[PDB]
Structure formats: C-alpha cells, structure tokens
Amino acid sequence: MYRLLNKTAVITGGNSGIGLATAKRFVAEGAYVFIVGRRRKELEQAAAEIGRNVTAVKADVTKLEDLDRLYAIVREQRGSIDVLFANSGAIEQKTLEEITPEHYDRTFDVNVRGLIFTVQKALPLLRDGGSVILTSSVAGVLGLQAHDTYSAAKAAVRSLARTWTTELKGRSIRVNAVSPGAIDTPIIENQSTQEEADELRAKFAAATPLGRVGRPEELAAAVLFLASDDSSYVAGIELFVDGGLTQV
Amino acid sequence: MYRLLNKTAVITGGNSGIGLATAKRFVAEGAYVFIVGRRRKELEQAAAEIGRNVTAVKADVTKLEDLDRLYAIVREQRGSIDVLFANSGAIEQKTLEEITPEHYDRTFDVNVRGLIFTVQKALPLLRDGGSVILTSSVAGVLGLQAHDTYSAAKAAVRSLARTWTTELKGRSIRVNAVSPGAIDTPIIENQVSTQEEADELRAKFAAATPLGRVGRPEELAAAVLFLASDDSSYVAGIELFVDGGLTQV
Amino acid sequence: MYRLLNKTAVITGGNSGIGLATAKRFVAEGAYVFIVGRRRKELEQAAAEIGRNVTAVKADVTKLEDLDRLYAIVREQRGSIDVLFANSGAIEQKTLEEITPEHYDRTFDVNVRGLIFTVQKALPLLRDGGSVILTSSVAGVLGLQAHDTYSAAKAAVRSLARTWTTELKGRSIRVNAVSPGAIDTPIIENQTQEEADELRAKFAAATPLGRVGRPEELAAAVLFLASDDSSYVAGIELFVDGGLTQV
Amino acid sequence: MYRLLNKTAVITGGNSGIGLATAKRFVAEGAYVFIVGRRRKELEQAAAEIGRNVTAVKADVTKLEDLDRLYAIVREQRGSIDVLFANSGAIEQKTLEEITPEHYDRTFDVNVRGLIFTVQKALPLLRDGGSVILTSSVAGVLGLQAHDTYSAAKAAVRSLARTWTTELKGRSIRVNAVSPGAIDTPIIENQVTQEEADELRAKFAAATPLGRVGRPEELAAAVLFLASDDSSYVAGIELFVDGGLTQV
Ligand SMILES: NC(=O)c1ccc[n+]([C@@H]2O[C@H](COP(=O)([O-])OP(=O)(O)OC[C@H]3O[C@@H](n4cnc5c(N)ncnc54)[C@H](OP(=O)(O)O)[C@@H]3O)[C@@H](O)[C@H]2O)c1
Ligand SMILES: NC(=O)c1ccc[n+]([C@@H]2O[C@H](COP(=O)([O-])OP(=O)(O)OC[C@H]3O[C@@H](n4cnc5c(N)ncnc54)[C@H](OP(=O)(O)O)[C@@H]3O)[C@@H](O)[C@H]2O)c1
Ligand SMILES: NC(=O)c1ccc[n+]([C@@H]2O[C@H](COP(=O)([O-])OP(=O)(O)OC[C@H]3O[C@@H](n4cnc5c(N)ncnc54)[C@H](OP(=O)(O)O)[C@@H]3O)[C@@H](O)[C@H]2O)c1
Ligand SMILES: NC(=O)c1ccc[n+]([C@@H]2O[C@H](COP(=O)([O-])OP(=O)(O)OC[C@H]3O[C@@H](n4cnc5c(N)ncnc54)[C@H](OP(=O)(O)O)[C@@H]3O)[C@@H](O)[C@H]2O)c1
C-alpha cells in the first residue's frame, strides 16, 4: 500500500542528500516527483538512481524566471501539486566579525528568499488538502559558532510555516517545518579537510542522545509523515528529527 | 502494508477514544495489542470492535498491583514489548480557588504518577529499539480556565519524555510525547453536564484551531503510529502537536 | 530609590539560598518581607542577617494548617500582599528504575502541591496589581539523569504560571515563572563535597557565561518580575541560567 | 538612584516609540545615550524631549557608511559602549501572494541585515561586561495574516541573540532579545484610516490577558532590566513583554 499513490510532489534541492532520499521514499510510496536543483549532472544521476515517475528540472531558486519555468513544466506534465518540499539550502560558516554583505545575501537568498518564492509560485498549482514542508534546522533554536546567518535564516523558515498555516487554512493546506539535526549528507563535507569533517560528525554524535548522526532516509521518512495523510491534523509545527539533540 | 508487523504493543487507556483508535490502526498495521483500562464492559466491546490480535486487560494505573499483574500477563502471552503508549488520562475542570487536595491527587495519580509507573514496570519487557509514547496535551503549553492541575500534569508528562530520552538512550529506546489538541472523544462529553454545552466546547476549539475542526481519533492514532513506527527512527524526546495548528498560531 | 517601597512581600523558602538573597534585595528595596521555611534555627539567622522589616514564620508548605496559620499572621501584621514568591523546593536524584511512590510523593508535595496551595491561600490577601512569582528550573525544559520527578514537578510549576495568568488577569495580577540554572546554593551540596564540586564544574562548563550563578543574581531577576518595571510581563518563563538553555 | 550611572548607551531607532521611551528611562538612570534614526526632524525633537546627556545622530542602518560614521562619532565623544539596543524596525503588511522581491528586501534590510551590521560595527567599542539587546516581536513566534516577512525577520533577530551569546561569551557580553507584544507607538498608525488603526488596538487588547496595549515606558523598563546589572546572569533569552499574549 502506497502512502502517496498518485500524489504529485515537488522537491526543491532533490538531486542530493535529504531531497534525494525523500524523492526515493516518495516514489517508493507511489508519487510523481519533480526533483529541482542547479547541477545538471547530479539531477540526471538522481533521476537515474530513482528510476521511476521522476522528472528532473534545472532551476535556481534564487531566480524568479527559473521558478516560473519550473511550475510551467509541472503543469504541462502533472497539472497540480499535492506535496511541496521546500528543501533547498546551504551554509557558510562565518562568525559575526567575518560577516560580509555578500555572505549575508548568499545565505538569505537561497535559504529564505528562494524558499519564500518557491511556495508563492506553487500556490496556483497546489491542490486544496495539499501539504507543504519547509526544511529548517536545529540551528534555528541554537547558538552555534559561525552559524550566524544560516541559523537566522532557518529560524525565519520556521516562522514562515506558522504564517502560511494561517494564510492557507482557508484552502485546507498544511504547512510544516522539519528541523533536521545531524544528517549524513554532502552538507557536512562541503563546509576543507576530510579529517576535520569527521571531527564535525564525532562532535554532533557525542551531542545527540541517540549517539549517531541521522541517515537521510530517516529524514525522508519524517518528511513522508508530514507529506502523508497520517499527519492530516498536523499544521504549523516544527518537527525535530535530531536524535534528541534539542530536546535535552 | 503492515508497518508494525509482529510488533507487540501495550496501550494504556485502550478501551476508548485515542487509545482505541490507536489500537485499531496498530492491529491494522499487524501488531499485537494489549488494551488496558478500568471498565470491564468497555474493554470487551473494544476487544470486539478490533476483532483480532488484541487482548484486553483490566487494570487501574494508579495501582501498582494492577500494573504488576498487567506485565505478568504480557510476559506469559507475547513475552516482550516493542511499543508502549502511556495514554491513560482524565481531567476535572477546577479553578485555583476550587482546588482541593483530593482533586489534586486524583488528577496527578492517573496522569503523572500512574504514567510514571506504567513506564517503570514495562522496562524489563521493552525490547531495545523500542518506542515509548506519552500523551500530554496542548494544555501543557497553555493557560486555560480551570485546567490548573490537568495542564500542569500534562506539562509534567512532556518533561518525562525529555528525561527518559536521556535515561534510556543506552538501550536505543525512543520516548516521545504526543500533544493532541481537540480530538472528538468521550473526554469532551464527560466534563460538562449538558450535551448542548458540550457542543459549545467543540465549537470553541474548532473556532480556535486554524484547520477549523476538531481532530478525529484516527488522526491521533496515525500520528502515534508514526512515533511507533521506524519512520520515526531518528526522533527522540519530542513533543508532537496534533492540534490542527492551535498552538502553532 | 527603593523599587518596592512599602510593598509587602511573602517569600516561601526564605531562610536559605535564593529566597534569602531575594529577601535581602527586597528589604534593600524597601519592602516588608515574610520569610517562610521549616527550620527554626535558619529562619532566625536569616531574620538576623536581614536586620529589618522582616518577620520569620515557621511553616511546612505541604501542610494546609501551616499555610492557614501563615496567612493569618500576614493579616495581623501587614494586612495585604503585593508580591508572592513561591520558591520552596527540593530535589532527590533518582532514575526511572529507582523511583518509589514515596520519592514521587515527597518531590511533588513540596514542589507542586505545596506551591499550588500557597498561591491558593494567598489569594484573599493579594492586592490587585500584585505580582506572583514561581520558581521552576531549567530542569523543566531538559532531560537530566535522575531528575525525573524534580524536572517534571518544575515543568508543572511553569504550567501553573500560564494558567494563573488567565485565571487572575481580571484582578490585574501577574504570575511569572523564573527558571534558574545553576545558582550557588545549599541545594547543590545536599544532593561528598569533592563530588559536589564536580557538579559545579560540569554546569559551569555547560553554561556560556562559564560560571555558576550567584543567589543575588537570581534575587535581582525575581526583583524585576516583582517590580513595576515588569508591569506588562505576565505568564512568562524567565531563564536566569547564563545562557545554558538557550544554546 | 541611577542604575546606568555613567554607562554609555547606543539606541538604534531612538527618535520614536520604544527607542525614545528607552532613551528617556536610560538618561533618567544616568546614562549617556546616542539616539539613531533617519528623520532629522524627529531626532532633534527627541533630543529636546530628553534634554540631557543625549546626542542625536542621523544614520540609515541599511547603509554601511552611515553606521561607520555613527561609531566614529561615538568614539570621538564617549569612547566606548556599555549598552547596545538594536531596535530599528518596520513592518509592511503583505500576504504570501502579494510578496514582491522589493518588499522582501525592504523588510529584511532594516530588520535583519541592518541589525546584524549595527552589532558587528559596535564590537570594537563594546566594553567587556557590556549588554546588547535585540528587538524582535511576538510576531516571531506566531502566524499572523500578512506578517510573512516581518515575522520571519523578527524570528531571525531572536536567533542572532542565541548565536551572539555563544560568540561573545569570551568577552563577558550578554546578548538578549526583547519581544514586545502590542505597544502603543506610531508603528500601529503607519500600517493602515485612523478609525481602522484603533481597531487593530482593540483586537490586540482583546487578545492579551492584561486586556490592554502596552506602554512604551513599560518596554523601556524591560529593556532597562536587560541593560542593567540586575540581569547580570541572563544571556541569550527571549523576554516577552506582551501582557501574556504568547504565554496563553
Ligand atoms: N545535515 C544537517 O546537519 C542539516 C541540518 C538541518 C538542515 N539541513 C538542510 O537540508 C537541506 C538539503 O539537504 P542537505 O543540506 O543535507 O544536503 P546537500 O547535498 O547539501 O543538499 C542541498 C540541496 O539544496 C540544493 N540547492 C542549493 N542551492 C540551490 C538553489 N539556488 N536552487 C536549487 N537548489 C539548491 C542542492 O542542489 P544544487 O546545489 O545542485 O542546486 C541540493 O540538492 C538544506 O536546506 C539544509 O539546510 C541539513
Ligand atoms: N480528547 C482530547 O482532545 C485530548 C486532548 C489532550 C489529551 N488527551 C488525552 O487523551 C487520553 C485519553 O483519550 P481520550 O481523552 O480522547 O478518551 P477518554 O475516553 O477520556 O480516554 C481516557 C482513557 O484512559 C483510561 N483511564 C483513565 N483512568 C485510568 C486508570 N486509573 N487506569 C487505567 N486506565 C485509565 C480510560 O478508561 P477507563 O475509564 O476504563 O479507565 C480511557 O481508556 C488522555 O491521556 C487524555 O488526557 C485528550
Ligand atoms: N540551585 C539551583 O540550581 C536551582 C535551579 C532551579 C531552581 N532552583 C529552585 O530554587 C528554590 C530554592 O533555593 P535553593 O533550593 O537553591 O536553596 P535551598 O537552600 O535548598 O532553598 C530551599 C528553600 O526551600 C525551603 N523548603 C523546602 N521544603 C520546604 C517546606 N516544606 N516548607 C517551607 N520551606 C521549604 C528550604 O527551607 P527549610 O528546609 O527550612 O524548609 C529553603 O528555604 C527551589 O525551589 C529550587 O527548586 C534551584
Ligand atoms: N509596536 C509594536 O507593537 C512592536 C512589536 C514588536 C516589535 N516592535 C519593534 O519596536 C521597534 C521600534 O519602535 P516602534 O516600532 O514601537 O515605533 P516606530 O516609531 O515604528 O519605531 C521605529 C524606529 O526605527 C527607526 N528606523 C526605521 N527604519 C530605519 C532605518 N533604516 N535606519 C535607522 N532607523 C530606522 C525609526 O526612525 P526613522 O523612521 O526616523 O528612521 C524609529 O526610530 C522596532 O524594532 C519594531 O519592530 C514593535
């Protein structure tokens, strides 16, 4: 029994990590998935890795024209959207003294601005009864060295779920934020050394009660819950999938 | 597809409302379910309503001997516990001026004390990898007229999830709180006398909730099913609000 | 200046630690203070240490009769109550497997039950415009080894502030919870004195500000919630924990 | 008498509402105050209304050059900063469908970007032991019609307090967020008719347990707490001054 039989889903940043794992499980559950991202190469590989009911679209969420084009493709092909997973994101570690206007803009364009407009332009296609999902982060409720702009961006993403819960209740659409903890993705690697990238995993595992970094498939599933009708009476929440990290 | 295939679950207060709906969906998902409660009549009717892989046990959670007996029955029959749903509860509306020592005790015995000991005595039977679930309430994060003791009890239940997340991580057991909002159960009916003024209470909580309706027990069951399942395998210590947005503004 | 000039305050557990420091600063600010507690010895020493506008009353908050007697004394002497500081409390460290019904009762009687009734019986004496204050704990939003009942009790105390904010708004009374982090009091000692410094070193390591709080620093935060500076502050949870819970 | 005797304070958006009331009470408590804002007229009137130990500086917080100039003036005159009150802010009500890139930028430039950089450039002047204060809003923890960007910005401001608590603990500096509820200021007037501005007040008074809109002087005081040594063991918090509104 497929928990998303025939639902159409749109996943932003679906060619890697969380989005990709969520794309797999979604397809596995019988959905049609549009994976969105910038890298052509990784979009195709993802589309291959999934093998079914996926189309891969190239689009930069910081660009209004790329998003307009995305949603045009969505209507040609699947017509409406049951589930939206605003999951594009990135981090640059910089402390307060190091913050430049460009760093601020780079961080907030993809993480917040981009997000905002991907949900805005999906609106005409969203079916009433639809579920939207925003990826924030445990960073949104913590004070971490050099996460200044990223944490603040993610805190802003969670706030958008509250607001959109109010603005869209009139169409029976649920907007929810998922806040991953430490999930094993390329995002840990890309913040230089791969010796000191394992320092970062060992640290976040030490910190988390469950004593391990999360798997992307475990975030996929939590997102699947909020996507499914099992979460039919769940709106506006912040779901922590962090092994207990923020829960003490 | 059976998301709890062959998992043994124990549901406290499983002869009514939330526990019962959660018992159904659990069985539907291929589990074995022990529904616990005080009323003999409603236990049997529930056991009938479910129709399979259920056994109904009579036990008052405020009584240590009833719990000891419960877990003895569990050990005979299914041997171990994969999922525990501490979901027994009740409310008496009383304001601060009205609070009596008995009212305080009644409220806290079932809601907190009982809860505490049902999880304590399940411990030897819990499989590592197991999932425990505590039913608190949006009341835990709100200031509602005459919910003084109930809200405080529920706030305490949520705290136990944090603590037990730390104490039991060494056995890979997840403890999570679910906080329902306004779910259509006999708990709304049994506070007030009139059934005209019990609909006033539903209309009020529906007005308050973004989604504009009282929750269905089957919708709580499902959220509890999530926390019960492996889909929530990296989710510990949380407070899951299933309240249609009520506390999320 | 004297930010509590002529206000009458009642402090529960005022013969030690947080209550005592809060009693000093309160008096310093020109209030009349009733310090409440069980130990006769420590009540008198506190009453001496303060030196002015204090009366010390013996009362166990788990006893209804001791509370009835307390508020009778308050009436005789100062007549009404401007500020109430429900600050009695205690902890026994026990894990889930160790929890006994007695341990559960002991913890919840003082921390919650007692608290509940001290605010109930103060009600007739509270002036409209009054401020009530409840002492919970960072424990209320954390999962600490062996703090099962204490943390849960404190989480319940914070909930009572939300409720009482609603129930008493009609009399313009503010109810607020203060949640201390690690404040240097006898509560750390009474849970070896070598392994009591292990507990301080651990909570200082954990807290951004890198140190255990002083009781005088809690007193002041409680003084804020007591004063008119916190006129438009109701139902809150004020963390005075050096950042501990914030991350 | 005088809880800020000889402390130098810098207040951003100090020619009106919250900042101005906070400027008065600060001066009343024996501080030196720099009130910052864009309007020349209102800066002078504020400087007059206060009457003592104030200097008024014209500066747009969205402009790096205006901030550099501000802190140069501060160096000339008082040399160091004991208390910083990042309190500049503004709101435009727009729902999700109405959000334009410009509206997004306008909102986030003052409320977040500006804020970020006013704290960055104060850093060299801040005395160890200093207290920073950020003005967010109950909006940060709520889902209000048409508050999309403002609420999200304010949610981000609160996040910066957590982070800066970690980053600056090494200099014994406390960073705290204050989240006002409904305070009687020109910010209510300037969104909307003055008939339909007094509703907005009736609505927020209805909502708040204490049954009234807050006074600016009552926010000033709460900010004075966080400014003073009475809050010497208080870092990283979110202080709600909302009459109970968000505390249910
Ligand atoms: N692991 C953790 O600790 C953690 C914690 C909390 C939240 N998260 C969140 O999880 C999300 C994504 O997964 P990940 O970060 O773990 O792995 P990742 O492999 O870094 O995923 C980032 C995804 O975002 C996409 N992306 C970035 N900028 C984009 C743009 N302008 N337009 C479209 N797509 C864009 C990437 O694709 P392209 O670069 O190819 O466009 C990629 O698919 C992020 O929002 C991140 O903040 C991770
Ligand atoms: N309905 C809501 O919206 C809502 C909101 C927040 C929380 N809750 C929580 O939901 C749970 C109950 O479900 P419900 O309220 O929806 O339906 P309900 O009919 O009120 O369920 C109460 C359950 O607890 C059992 N119970 C009470 N005291 C007990 C004891 N001493 N020992 C064993 N069982 C006991 C009841 O059965 P017996 O009478 O046979 O013992 C019944 O099965 C409670 O934990 C309640 O606080 C409900
Ligand atoms: N230090 C921390 O880390 C920390 C953190 C969070 C909260 N707190 C809270 O702060 C409060 C008090 O200060 P403290 O505990 O740090 O110092 P303490 O010296 O342990 O203070 C406890 C106070 O409570 C009183 N008390 C206990 N049971 C009582 C009863 N039945 N009736 C009257 N008084 C009673 C004690 O006096 P008698 O023994 O004479 O009765 C004493 O005055 C407690 O509620 C505690 O939960 C402390
Ligand atoms: N009133 C409420 O209900 C409420 C609730 C939550 C938070 N707040 C916050 O309280 C703060 C301000 O006080 P107010 O809002 O009550 O009244 P207000 O009169 O709107 O205050 C806004 C202040 O910020 C200044 N400002 C705006 N844009 C600026 C810029 N680009 N550069 C420098 N200064 C700028 C204004 O001065 P110029 O116009 O002269 O530049 C004025 O001094 C804001 O942070 C607001 O978000 C208010």
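Residues numbered from 1 in each chain as written, not as in the entry; some residues may be left out. Chains lettered and ligands numbered in written order. Heavy atoms only, no water. Residues with missing side-chain atoms left out of burial classes, pairs and counts.

Header annotation of the entry names X-ray crystallography as the structure determination method and lists the resolution as 2.89 Å.

Colleague: I'm lost on the interface of chain C and chain B in this one. Help?
Modeller: One frequent convention defines the size of an interface as the accessible area lost when the parts assemble. With 40 residues of chain C at the contact, the number on the chain B side is 40 residues. Carbon and sulfur atoms supply 60% of the area that chain C and chain B bury against each other, a total of about 3200 Å² over both sides. The three residues of chain C that bury the most area against chain B are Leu96, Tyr104 and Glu167 of chain C, which together make up 20% of that side's buried surface. Between the two partners, chain C and chain B, sit 2 salt bridges. One salt bridge connects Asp105 of chain C with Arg113 of chain B, and the closest N-O pair in it is separated by 2.8 Å. For the interface between chain C and chain B, the tally reads 14 residue pairs in polar contact. The set of elements that each furnish at least two residues to the side of chain C that touches chain B consists of α4 (101-122) and α5 (148-168) of chain C. No other element matches α5 of chain C, which puts 13 residues into the side of chain C that touches chain B. Here the residues of the side of chain C that touches chain B sort into 21 nonpolar, 12 polar and 7 charged. (Contact = heavy atoms within 4.5 Å. Buried area = accessible area lost by both parts, 1.4 Å probe. Salt bridge = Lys/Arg side-chain N within 4 Å of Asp/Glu carboxyl O. Polar contact = N/O pair within 3.5 Å; in protein donor to acceptor, adjacent residues only side chain to side chain. Helix = DSSP H or I, 4+ residues; strand = E, 2+ residues; numbered from the N terminus. Nonpolar A, V, L, I, M, F, W, Y, C, P; charged D, E, K, R; others polar.)

Colleague: When you look at the site of ligand 2 in this model, what are you seeing that I'm missing?
Modeller: All names here are of chain B. Surrounding ligand 2, one finds 28 residues, the nearest of these being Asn15, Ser16, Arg38, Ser88 and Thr185. A distance of 3.0 Å separates an oxygen atom of ligand 2 from a polar atom in the side chain of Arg39. Considered on its own, ligand 2 offers 860 Å² of accessible surface; in the complex 93% of this is hidden by protein. Of all the secondary structure elements, the ones that give two or more residues to the shell around ligand 2 are α1 (17-28) and α5 (148-168). Classifying every residue of the shell around ligand 2 gives 9 nonpolar, 15 polar and 4 charged. (Near = heavy atom within 4 Å. Areas by Shrake-Rupley, 256 points an atom, 1.4 Å probe, with all protein chains shown as cover.)

Colleague: Hey, could you run me through a nonpolar patch on the surface in this one?
Modeller: Residue and element names in this part refer to chain C. Together, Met1, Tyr2 and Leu5 make up a nonpolar patch on the protein surface, roughly 380 Å² of accessible area in all. Counting through the fold element by element, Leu5 comes out in the segment before β1 (8-12). For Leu5, a relative accessible area of 55% corresponds to the exposed category. (Patch = residues over 30% accessible without salt bridge, like charges linked within 9 Å, V, L, I, M, F, W, Y side chains within 5 Å. Buried < 20%, exposed > 50% of the residue type's maximum accessible area, 1.4 Å probe, protein only.)

Colleague: What is the right way to read the interface of chain A and chain D from this model?
Modeller: Each side of the interface is counted separately: chain A has 40 residues, and chain D has 40 residues. Counting the surface lost from both chain A and chain D, the interface buries some 3100 Å², and carbon and sulfur atoms represent 60% of this. The three residues of chain A that bury the most area against chain D are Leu96, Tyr104 and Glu167 of chain A, which together make up 21% of that side's buried surface. For the pair chain A and chain D, the number of links is 2 salt bridges. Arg113 of chain A is paired through a salt bridge with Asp105 of chain D; the nearest N and O atoms lie 2.8 Å apart. The interface formed by chain A and chain D holds 14 residue pairs in polar contact in total.

Colleague: Any chance you could explain the site of ligand 1 here in plain terms?
Modeller: All names here are of chain A. Not every one of the 28 residues close to ligand 1 is listed here, only the nearest: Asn15, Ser16, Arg38, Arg39 and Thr185. Here an oxygen atom of ligand 1 sits 2.6 Å away from a polar atom, N or O, in the main chain of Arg38. Taking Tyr150, its side chain carries an N or O atom lying 2.8 Å from an oxygen atom of ligand 1.

Colleague: I would appreciate a short explanation of the sheet that holds strand β4 (residues 81-86) of chain D in the present structure.
Modeller: The strands that make up a sheet are held in pairs by hydrogen bonds between backbone atoms, and each pair lies either parallel or antiparallel. All names here are of chain D. Strands sit in the order β3-β2-β1-β4-β5-β6-β7 across an open sheet of 7 strands; the sheet is parallel. Edge strands, defined here as strands with exactly one partner in the open sheet, are β3 (54-58) and β7 (238-241). The sheet shows a mean angle of 20 degrees between the axes of neighbouring strands, taken without regard to direction. Inspection of the sheet shows strand β2 (residues 32-37) paired to β3 by 5 bridges, in the parallel sense. Each residue of the ladder has a partner; that of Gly37, found in β3, is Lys58. Against the sheet, helix α4 (residues 101-122) engages β1 (8-12), β4 and β5 (126-135), with an angle of about 175 degrees to β4. (Pairing = 2+ DSSP bridges. Axes fitted to C-alpha atoms, helices over the stretch in contact; angles between N-to-C directions.)

Colleague: Explain the environment of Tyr234 of chain B to me, please; I cannot follow it from the model alone.
Modeller: Examined against the element boundaries, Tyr234 of chain B turns out to sit in the loop between α8 (217-228) and β7 (239-242). Residue classification places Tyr234 of chain B among the buried residues on the basis of a relative accessible area of 0%. Considered as a pair, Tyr234 of chain B and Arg216 of chain B are 18 residues apart in the sequence and their alpha carbons are 27 Å apart. Those residues in contact with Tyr234 of chain B that sit more than four places away from it in its chain are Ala182, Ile183, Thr208, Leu210, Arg212, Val213, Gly214, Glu218, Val241, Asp242 and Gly243 of chain A. Here the side chain of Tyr234 of chain B touches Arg212 of chain A through a polar contact of 2.6 Å, landing on its backbone oxygen. A polar atom in the side chain of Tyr234 of chain B sits 3.1 Å from the backbone nitrogen of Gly214 of chain A.

Colleague: What should I look at first to understand the UniProt feature "domain: Ketoreductase" (unreviewed entry) in chain D in this one?
Modeller: Per the UniProt record, the feature "domain: Ketoreductase" (unreviewed entry) sits at residues 7-183 of chain D. Taken end to end, residues 7-183 of chain D is 45% helix and 22% strand, and its first and last C-alpha atoms sit 26 Å apart. (UniProt positions renumbered as here; feature names shortened; annotations may be inferred.)

Colleague: Would you mind going over the environment of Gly89 of chain B with me for this structure?
Modeller: Residues and elements named next belong to chain B. Along the chain, the position of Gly89 falls in the loop between β4 (81-86) and α4 (101-122). As a C-alpha pair, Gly89 and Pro210 span 121 residues in sequence and 26 Å in three-dimensional space. Not counting residues up to four positions away in its chain, the partners in contact with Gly89 are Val110 and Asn111.

Colleague: Quick question: what am I supposed to make of the sheet that holds strand β2 (residues 32-37) of chain A here?
Modeller: Residue and element names in this part refer to chain A. Here we have 7 strands laid out as an open sheet, ordered β3-β2-β1-β4-β5-β6-β7, and parallel in their pairing. In this open sheet, the two edge strands, each paired with only one partner strand, are β3 (54-58) and β7 (238-241). Averaged over neighbouring strand pairs, the angle between their axes works out to 20 degrees when direction is ignored. In this structure, strand β1 (residues 8-12) lies alongside β2, joined through 5 bridges in parallel fashion. What sits directly across from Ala9, in β2, is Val33. Lying over the sheet, helix α4 (residues 101-122) contacts β1, β4 (81-86) and β5 (126-135), oriented at roughly 175 degrees with respect to β4.

Colleague: What am I meant to see in the pattern of salt bridges here?
Modeller: Working definition: two side chains of opposite charge can pair if their charged atoms are close together. Under the definition given, this model contains 77 salt bridges over all chains. Close ionic contact of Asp229 of chain C with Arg25 of chain D constitutes a salt bridge, the shortest N to O distance being 3.1 Å. Of the two residues, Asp229 of chain C is situated in the loop between α8 (215-226) and β7 (237-240) and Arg25 of chain D in helix α1 (residues 17-28); the pairing between them involves two chains. One salt bridge connects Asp184 of chain D with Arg201 of chain D, and the closest N-O pair in it is separated by 2.7 Å. Each member of the salt-bridge network shares a partner with another, and the members are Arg3, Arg25, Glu29 and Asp230 of chain A together with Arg3, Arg25, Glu29 and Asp231 of chain B.

Colleague: Just checking my understanding: could you explain α4 of chain A for this structure?
Modeller: All names here are of chain A. A rise of 1.5 Å per residue sets the reference length of α4, with its 22 residues, at 32 Å; its end C-alpha atoms lie 29 Å apart and thus fit the reference within 8%. The largest bend in α4 amounts to roughly 50 degrees and is located at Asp109. Of all 22 residues in α4, 17 are buried, a share of seventy percent or more. (Expected span 1.5 Å × (residues − 1). Bend = angle between axes of the 7 residues up to and from the residue.)

Colleague: I tried to follow the UniProt feature "domain: Ketoreductase" (unreviewed entry) in chain A on my own but got confused; where do I start?
Modeller: UniProt feature "domain: Ketoreductase" (unreviewed entry): in the numbering of this structure it lies at residues 7-183 of chain A. Secondary structure across residues 7-183 of chain A comprises 45% helix and 22% strand; the distance between its end C-alpha atoms is 26 Å.

Colleague: Help me understand the packing of helix α3 (residues 64-77) of chain B against α4 of chain B, please; the structure alone is not making it clear to me.
Modeller: Relative orientation and spacing of two packed helices are given, respectively, by the angle between their axes and the distance between those axes. All names here are of chain B. Running from amino to carboxyl end, α3 crosses α4 at an angle of 35 degrees, the nearest separation of the two axes being 10 Å. By crossing handedness, the relation of α3 to α4 is classed as right-handed. Facing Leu64, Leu67, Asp68 and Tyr71 of α3, the residues of α4 in contact are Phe117, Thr118, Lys121 and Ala122. Grouping the amino acids of the contact of α3 with α4 by side-chain chemistry returns 5 nonpolar, 1 polar and 2 charged. (Left-handed = near helix turned anticlockwise from the far one by under 90°.)

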